[PDB]
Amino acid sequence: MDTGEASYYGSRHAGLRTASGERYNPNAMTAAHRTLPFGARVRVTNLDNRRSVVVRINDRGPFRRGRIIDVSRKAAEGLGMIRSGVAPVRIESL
């Protein structure tokens, strides 16, 4: 398990290529991580509300120290983080 800040992608990225080759899709359950293999499944828990989702890694970044994962819009909805923008999260590779 690891911990850090989560963010979510803006829609300005929708349709643009991720590092995995997939075009970023706000409706997918995808995320960026610096090192996990593409396709890795990760349980993300928002430590502010205890909501959790499972995402699939398809991109690189994040781009700031202290930020551990960037998730899709749909994942952010599942995490209850749309209004907060960011949240402290636990992550666990599955």
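Residue positions are given as counts along the sequence shown, with the first one as 1.
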Mean Cα B-factor comparison, 60-68 or 24-32, giving the higher one as deposited: 60-68
15-23 set against 69-77, stretch whose average Cα temperature factor tops the other in the entry: 15-23
Among modelled residues of the same chain, the CA temperature factor third for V54: middle
Within-chain third of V89 by Cα B-factor, per the entry: lowest
